Every structure is written in structure tokens, then in C-alpha cells.
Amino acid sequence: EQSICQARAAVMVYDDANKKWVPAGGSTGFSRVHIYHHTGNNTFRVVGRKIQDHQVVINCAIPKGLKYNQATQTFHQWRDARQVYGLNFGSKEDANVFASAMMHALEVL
């Protein structure tokens, strides 16, 4: 696996039942969020770990055809069959870096 980006974000998931975002992994705070490329089958994943205690709070596949919603310049989100994910980026620069790499992934899948 090769990291194609690193971006600072608080990783959220949406709790539909209570219509609230909650911190991924139950752990408030920022993570270092990568997109990793597995070249052997040209697959990509989003993997994020808490800056402080290194807990993996997101590890999801990026499917071909994903709709990546840039809701704001610092909060981007997407959904799959099971969950909705949000990234509250530490800065616009982080959001741009991540969105660049995500859009690249989605274009070569």
C-alpha cells in the first residue's frame, strides 16, 4: 500500500437514528487521514488514525462511482451502503489535498 495523500481531519460518522454526527471510533479529535493505493488490483482506501493515541478510526474502501460531496471548503462527506462519513478538515489546504487525491482515485478506478 502506498499513501497518495495525508490530511488532517476530524473523522465523523453519521448516526442516522439520532440525526447526529458522532466522532469516528468514539474518539473526539483530529486524525491523520490517508488514501492508500493498492497497486496490485488498483484499489484505494481511506485510513485515518488519531493523532494522539493512533487508534484507527476509519478504514473504508473507495468504490468506483463514489459521489464525493464537498459540502464546504473544510467538510467533505460520502456515503456507502452502510455508513455516511464526514471529514472536518483542519484547514482548507488539507481539504484540497485530500479532495485532489480522492478525485484522482475516482478517475483511475
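Position 1 is the first residue in the sequence shown; the rest follow in order.
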{"item": "Mean C-alpha B-factor comparison - 38-46 and 25-33, higher one", "value": "38-46"}
{"item": "Largest Cα B-factor, entry values, listed residues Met12, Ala9, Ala99, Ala17", "value": "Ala17"}
{"item": "Third of the chain, ranked by Cα B-factor, where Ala81 sits", "value": "highest"}
{"item": "Lowest, middle or highest third - CA B-factor, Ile62", "value": "middle"}
